[PDB]
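Dropping a structure here in structure tokens format, bear with me for questions.
The chains carry the letters A, B, C, D, E and F, assigned in the order they are written, with residues numbered from 1 in each.
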Amino acid sequence: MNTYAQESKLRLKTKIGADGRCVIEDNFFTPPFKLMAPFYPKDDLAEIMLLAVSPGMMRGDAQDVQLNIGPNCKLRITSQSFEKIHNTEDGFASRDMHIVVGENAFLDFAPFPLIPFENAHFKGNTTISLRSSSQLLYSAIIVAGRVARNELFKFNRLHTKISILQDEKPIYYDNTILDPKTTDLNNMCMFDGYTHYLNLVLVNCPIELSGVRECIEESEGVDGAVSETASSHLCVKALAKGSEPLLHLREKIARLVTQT
Amino acid sequence: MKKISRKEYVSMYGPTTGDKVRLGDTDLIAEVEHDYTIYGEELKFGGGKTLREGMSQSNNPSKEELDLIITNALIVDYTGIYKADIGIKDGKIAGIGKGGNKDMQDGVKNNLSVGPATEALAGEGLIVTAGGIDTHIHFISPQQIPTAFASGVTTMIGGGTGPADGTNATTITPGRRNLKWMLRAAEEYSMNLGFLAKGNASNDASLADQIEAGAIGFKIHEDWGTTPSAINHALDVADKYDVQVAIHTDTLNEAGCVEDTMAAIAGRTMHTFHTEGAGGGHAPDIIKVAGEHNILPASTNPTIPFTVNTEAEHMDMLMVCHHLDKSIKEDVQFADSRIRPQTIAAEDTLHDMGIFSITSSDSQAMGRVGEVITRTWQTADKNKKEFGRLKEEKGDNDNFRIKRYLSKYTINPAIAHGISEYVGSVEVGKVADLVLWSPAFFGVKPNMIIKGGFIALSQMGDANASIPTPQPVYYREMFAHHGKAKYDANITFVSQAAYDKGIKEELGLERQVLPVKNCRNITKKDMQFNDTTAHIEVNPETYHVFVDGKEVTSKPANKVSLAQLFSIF
Amino acid sequence: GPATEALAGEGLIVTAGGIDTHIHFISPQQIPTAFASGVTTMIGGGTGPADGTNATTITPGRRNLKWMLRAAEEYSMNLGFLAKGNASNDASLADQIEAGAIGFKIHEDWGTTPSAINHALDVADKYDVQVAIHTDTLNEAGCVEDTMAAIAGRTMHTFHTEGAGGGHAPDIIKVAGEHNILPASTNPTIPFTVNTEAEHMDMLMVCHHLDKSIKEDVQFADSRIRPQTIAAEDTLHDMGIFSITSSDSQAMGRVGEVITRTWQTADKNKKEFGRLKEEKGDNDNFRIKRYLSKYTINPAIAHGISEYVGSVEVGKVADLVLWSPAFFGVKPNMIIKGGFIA
Amino acid sequence: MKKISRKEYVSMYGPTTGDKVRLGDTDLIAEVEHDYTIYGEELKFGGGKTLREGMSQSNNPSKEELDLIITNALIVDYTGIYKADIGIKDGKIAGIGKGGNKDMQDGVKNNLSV
Amino acid sequence: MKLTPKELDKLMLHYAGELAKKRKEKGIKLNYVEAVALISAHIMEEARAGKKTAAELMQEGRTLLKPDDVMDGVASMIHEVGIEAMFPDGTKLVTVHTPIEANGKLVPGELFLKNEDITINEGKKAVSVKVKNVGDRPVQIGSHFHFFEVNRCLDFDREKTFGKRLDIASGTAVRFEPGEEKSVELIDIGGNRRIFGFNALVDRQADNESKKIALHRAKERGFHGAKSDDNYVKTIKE
Amino acid sequence: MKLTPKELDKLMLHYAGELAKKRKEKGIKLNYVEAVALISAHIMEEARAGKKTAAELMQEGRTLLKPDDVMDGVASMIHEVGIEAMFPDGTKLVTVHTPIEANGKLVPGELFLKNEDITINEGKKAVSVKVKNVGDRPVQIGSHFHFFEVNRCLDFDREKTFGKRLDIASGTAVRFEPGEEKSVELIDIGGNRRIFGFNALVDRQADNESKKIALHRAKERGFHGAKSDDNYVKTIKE
């Protein structure tokens, strides 16, 4: 039951331009998606903002994102603002994002935190494909709801699947399911009174576990940890009362990765 | 007596009572409700027709002898869809009814007397409406004025000083000096003009100075700061000076939400732009104000009718209008929209239900100046196709819908801005700002424009041709558009205070200068056919709009009428 | 002297500006077209593309005359307006003249009746203004003899003296021999060509406002035009029987072709009948002067403005047209309006 | 809504549509052809009647505010025998119809604003 | 190349026609503007070529567009295309009537008429009069001409027709061919019945007293069928 | 074919695009005007064809010109091409952003910036305040809004923020999402420190005496986080 006239699609393909900057080779976006020209800060990577022209995902929304970063592209992909999942009465809001990173390409996918409202049902499915030399810094922040107005875990269901493959071989799997009806997410093992949860995955990044641990420890107001997955790639999980410490920690880790 | 076939009669004189005509290529059917003519005495002009010396042109005419008579015109107006002769004398509509010669015909009133001083205009088979009134005009370029004029708009109320950024964003002519600039530049154009001052000021002295300088109202725009203090002060000064206030509310919720804005308004008459929100932070809750009595709601061209491509252009239009650079990360992040297809679809249904009273453009700032009428009729046709005939139709016709949608851009903005005494409808005593349409081209391309009793614009062929018809035919300025005739033909609307202070002589204006009146004591109940005040329950969690419980929505239109059949580009 | 501007006319022909006396003021865009064709004075009537104006050369009434006179301030052209003569009311006719018309136009579409002709001629003799007539096509009230009896030997300027397919044709050509009649002929029928007769019915129907989708109007649209009359028109022009050439702009006539069609007729007559017997030399000077008078000095005399315009004479206003001889009669080099290049 | 007896209504406001009145002591009977008033909103002047500040006399009158209003008059004219309020402004008849306050009553035109 | 405003307009029209032709080649169904421009531009080019006459061009303009080449409603909207084209023998107006056959699907601005006849001049009784045209030219009489004062070459009992007009649809006319005799229906002139103008035979209120003056005037001026007594008594004003 | 001024302008634009296309076929490298005209004309023609949507046209406009098809600097000069095209569902604005990839050789009007940061609000000390949006909608605050008078759905210690504004680049804004809590930096308002307008909580000079009145007004009007004493002593003017 898509309320939009056409299906919400966003096909983006970026390549290295003639002047050496990262340019958008091709792009096709239907509402609510929109793409502007890449932004080029003085010293950082080329920034692309995935514009969403909407107050947030509502019932029947079905977004299909397909990002394709070409070889030797140093791209940081952000979003306009916090992604809010509205009250989906009987249906759900779904996002399916497929990303393909080319050889020797760095992608820093740093979207804003996801805020599910009361009775929100969201299904996210992210599939990232990398080459051997590809570098990825994937992130996802989930909020318990509108915390400042005592809207804690009032949403219907949050399902988020992440599948990261390298050289067409699975290297990372994540299945985050938050269903307050089935279990109390406020228990000592799920959130333990925290309201914001950050999950970060560093694949092929030239950063040491000791450095990431030092960053997490020096970050204030956050209960976080970093480990190594089976495929020898870093995974960071952090909890915080607000999104500010998590965003600061994520940008600190991103700076540590990029300064190399 | 004799009986002639109705087909032959209609070919000769146009449709009569009980005859139906399709409006443009739309699905709307207008039925002639009644006819003023007496059968067998119709006025015709031609070789051996009746409008001749001694037959229908009187040799002893009344002293109210007409200057111009439009014969056998199908008047489509909020007052009714009927057939009559329109007499124009001294720039006003002198009479509506059966015209001709009292010496040789019966039932000819003194005010419809055709005499040797009368020019004839054949309206047989032609629809006559009042000129459009566009009240959201961003005066960005003077080239907008001929475009709107050719579209069929005869009055433009708005603000601006040319392509300044303040004008690109807002419908505001700020200050006495800029008002003088615009009033003196207005002498050039063939269009009734009115200018709005800057209402975004907590200074009663400054607001009053603008009104006395000649603005017909205030515009409170978010880009100059829509704060509750500014709203309150502007409404106070406008109640003092009897001028309208229009508002484009705060998108960012910086100072407050829709409830705070309505508290600042405090139940005083206010004309709202983008009552659907147009993606602002007040959306979709700002649609709730469309149910209040004191709010006169208007909707802009781009979002009506809701189509497949409606949502794609909105962000670009918003960014360019609000002057946010697309190459700046901060500006792009700032450009956050709360627009939804649910709201865009609900806008058309609210128009159909009469919740929204005024249609406008917001010319060259999220809106097209030459498409107010066309998009109004596209919305009417789309609603007719979707929901069928209205329950208010008293017959097998769409007369009620025609009148509602025609009021949306003819009489309702005139009432809202206090010029309904002069313009807005085809009534006796009003100024003769008439538009002649052929029914095949109704709503998209007029046949001619009568401005102040004289033809100002018309479709014309080659000037070197032996007849006016041969190609290329396009819209050309006529004699009322030129010389000192345009001064007599056109009107500049000012406030009563400026009129009393003698703005015309002070600024050396040659146009007629008329004061606006009755702007503060009007509510939604005073709009014609669009006075529906219903509690609009807006669920912002679901972006769901309900009126009287029932949810309102519409489906996007894959193909609209009056769009590609009529325009090369 | 030092205050003098110079204009090189070497190798250039200077004529007086044209005077077009049949102008249907249907659109203001006619004025730049005629001006570029070489016409500097336009006498006519109309109020824009009203049907009365599409049919007739009439500016009816004091208020419409005021409209047109105030609109005239825009244009670079000498302008004169004709009032409605189709009225049996001396008071109304006099009111129009005092409102500012330079003459009356009695057009069949407003009713060309003998009573109207008589009253208009009386008022015009009182006020010293010209009367132009486009006679009754239908013979409703009478024939050419009855129209001439109503005229009663008073100066009258006749449009379409060849008839232009009217019911008075071809007998209305007889009035071109009377002293009191100043005859004018319109552009479309001169010169007589292969395609002349094809467009006449369409032009007539559109000008007279008869719907081509109506059986009654089509049956009404009856023409008495003949190729014999169309051909005789050119010969009458050559002989000087017809004194004025005009357009009847955008109502069976082309505003920007008065001069061009006059010279086309002159050239065609020269090719057909050879040099006139009045030529005192091995040149066409007499024919040149006759055909040039047809649109310069004769309409000025007819409408009473020959004191100001119509010829290159000392004391007249400087309404001059500079032609290069290769482009003479079709495209001027420049127009001098009131002593300044316009 | 409420229904009142026609006799009481006529005593309060004069005859309405369909009511007949004898003209003088003659035998001529005039019937009210139509009525412009809206029942229950009639204009009355008196102690606690409707023509008061804020009820039927507008506190925000139109610029065409009447100089004099004749309330509930049975107009007998060649144009018809009907019942209406006559508004007079600047020595002319400004309006004929339902007069009163637009703020508190329906169907009040600008030219009949009290 | 001194270009006149007419030439500039024609150039714009020609390139509008070129755009329409390119769209038609691409296969886009033409709209109203494109169809009109295409026909006009084609006629102009043919006239410039100069191998065809105006009649040939009028015929040829109706073959340019098939009903399937245009959008629905275009054929109904286009009734005739006029264009002033410069032939080898000067500028001529070429008019192409109904250049496209109507498909009938969509008719913009179409009329939905009742199946009931209109009764004109209701309540007026018509008398019948036999009229002969003894002149040499046909005579057309309008619906509102005072029939008493028509062309004096028409022969009929004018006394019967004083104060009357033809009982036909207003704006139509009745034609009497020379020598032909017709019977027409006449009805009383309405209103104040003040006859002014026409042949100046009445110029006053139409009543029985003015009838005698009108008949005497018509007999003096030679109107056929007007019978006035030889011993006619004049009035103070006549 | 009644042509509007908009249609005439579009016809001129289409034929400018046609000229650019012909030059490109000839092999001339397009300049700025030619490139813009070519892209706009192509979009207009595609929309008239009506087989594509506005999104498809936005995508397709970026593939028309290769970097080698234009002169040096054209790609830098052209940032976006907007064109209002008539689709089957009406007129829509198609915007093509960066239609040509920049070659980088020549950049007209390019900036040569120093590598030194701009220090804004120098000499002003910033205090930190924690703000929670307890409302249901995001709130954007400008750099120069008096932070004491912001939306009453924002919760923070208003007493700390009286007389202060955000310490951000002027013209930028800070967004508070619903439920989200942020820390912002505030600096004293400069100049005369006369606060007028906003929510009409001060409407006078900003000093310690007006602070109490503003706090009482905010508490009365329900501004979150505004704490005024229960036993508040009124002044003669407040």
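For this structure, a couple of remarks:
One rule holds in what follows: contacts are C-beta pairs under 8 Å (C-beta built on N, C-alpha and C of every residue); 3 or more make two chains touch, one makes a residue touch a chain.
Among the remaining chains, A is positioned farthest from chain C, on the basis of C-alpha centroids. For the pair chain C and chain D, the distance between mean C-alpha positions equals 63 Å. If you average the CA atoms of chain B and of chain D, the two centres end up 34 Å from each other. Once the centre of each chain is set as its mean CA position, chain D and chain F turn out to be 58 Å apart. A straight line joining the Cα centres of chain C and chain E is 24 Å long. Along chain A, residues 6, 30-31, 36-37, 81 each make contact with two or more other chains.
For chain F, residues that reach two or more other chains under the stated contact definition are 1-3, 7-8, 11, 14, 48, 50, 53, 55, 58, 79-80, 97, 135-136, 138, 175.
Remark: the chains found to touch one another pair up as A-B, A-F, B-C, B-D, B-E, B-F, C-E, E-F. Residues 242, 421, 496, 517-518, 520-521, 525-526 of chain B are the ones that touch chain D when the two sit in their complex. Every residue of chain B that touches chain A in the complex is listed here, in rising order: 279, 283, 306-312, 314-315, 326-329, 332-333, 335-342, 345, 541-543, 556. Within the complex formed with chain F, the chain A residues making contact are 6, 17-21, 23-24, 26-31, 35-37, 42, 81-82, 84, 115, 143, 145-149, 151, 242-244. Interface residues of chain A facing chain B in the complex, by the touch rule stated above, are 3-6, 30-32, 34, 36-37, 39, 41, 47, 49, 51, 53-55, 58-59, 80-81, 86-87, 89, 117-118.
On chain F, the positions that touch chain A within their shared complex are 53, 55-56, 58-59, 62-63, 67, 79-80, 97-98, 101-104, 115, 132-136, 138, 155, 175, 177-183.
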